[PDB]
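In what follows, a structure is listed as structure tokens, so that the remarks can point back to it.
Note that we place each Cβ from the backbone using ideal geometry, even for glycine, and neighbour counts take in every protein chain shown. Rule-based calculations on the coordinates, nothing more; no lab input.
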Amino acid sequence: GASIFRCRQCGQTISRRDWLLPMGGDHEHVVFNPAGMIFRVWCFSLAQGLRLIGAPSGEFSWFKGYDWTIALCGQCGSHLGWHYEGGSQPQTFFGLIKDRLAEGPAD
Ligand SMILES: O=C1CC[C@H](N2C(=O)c3ccccc3C2=O)C(=O)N1
Ligand SMILES: [Zn+2]
């Protein structure tokens, strides 16, 4: 019942529990943006069904050495999180907003 993560707003398949990545020791990171919004961000090595938009940027990055791009649900356009790139071990990963995903079984 806990294996697949889907978009909460439309059901698009996004990631899997098996693809969780413990960045800095924890797959979960609680962070704030410049607009004062708090997010519980889950780190994943891999995700699918997103649409990555905009130019990568280092500004305000919560993960040192990475640049981010906005990750939208590719089906509904809900903002699900960010794609990180340009770093090391790993080079890239996804930080997705936990409350914007629904977790459940494969069937
Ligand atoms: O690592 C990240 C991802 C992007 C995220 N972020 C936002 O959520 C945001 C909203 C408004 C203006 C600027 C930002 C920005 O850098 C942020 O603050 N850090
Ligand atoms: Zn969606």
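Within segment 1-45, the set of residues being out of contact with any strand residue (DSSP E or B) (no Cβ under 9 Å at 6 or more places or on another chain) and away from ligand 1 (no atom under 15 Å from the Cβ) comprises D18, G25. The condition (being polar (S, T, N, Q), in a strand (DSSP E or B) and surrounded by 12 or more Cβ atoms within 10 Å (Cβ to Cβ)) is satisfied by just one residue among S61, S15: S15.
Evaluate segment 22-38: report whether one residue or more is assigned to a loop (DSSP other than H, G, I, E, B), more than 16 Å from ligand 2 (Cβ to nearest atom) and among the charged types (D, E, K, R). Lay out the reasoning, then the answer.
Going residue by residue through segment 22-38, those that are assigned to a loop (DSSP other than H, G, I, E, B) are 22, 26-27, 33-37.
Narrowing further to those that are more than 16 Å from ligand 2 (Cβ to nearest atom): 22, 26-27, 33-37.
Add one more test, that the residue is among the charged types (D, E, K, R), and what stays is 26.
Yes: one or more hits.
Which residue is surrounded by the fewest Cβ atoms within 10 Å (Cβ to Cβ), if the candidates are limited to segment 36-51 and must be among the aliphatic types (A, V, I, L, M) and within 11 Å of the chain's Cα centre (by Cα)? Among residues in segment 36-51 that are among the aliphatic types (A, V, I, L, M) and within 11 Å of the chain's Cα centre (by Cα), the one surrounded by the fewest Cβ atoms within 10 Å (Cβ to Cβ) is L46.
Just to verify a result, which residue in segment 71-84, among those that are surrounded by fewer than 16 Cβ atoms within 10 Å (Cβ to Cβ) and not small (G, A, S), is farthest from the chain's Cα centre (by Cα)?
If we filter segment 71-84 for residues that are surrounded by fewer than 16 Cβ atoms within 10 Å (Cβ to Cβ), which is where we start, we get 76-77, 79.
With the extra rule that they be not small (G, A, S), the set shrinks to 76, 79.
Numbers: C76: 16, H79: 10 Å.
That would be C76.
For segment 90-107, a tally of residues being farther than 23 Å from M37 by Cβ, surrounded by fewer than 13 Cβ atoms within 10 Å (Cβ to Cβ) and within 17 Å of the chain's Cα centre (by Cα) returns 1.
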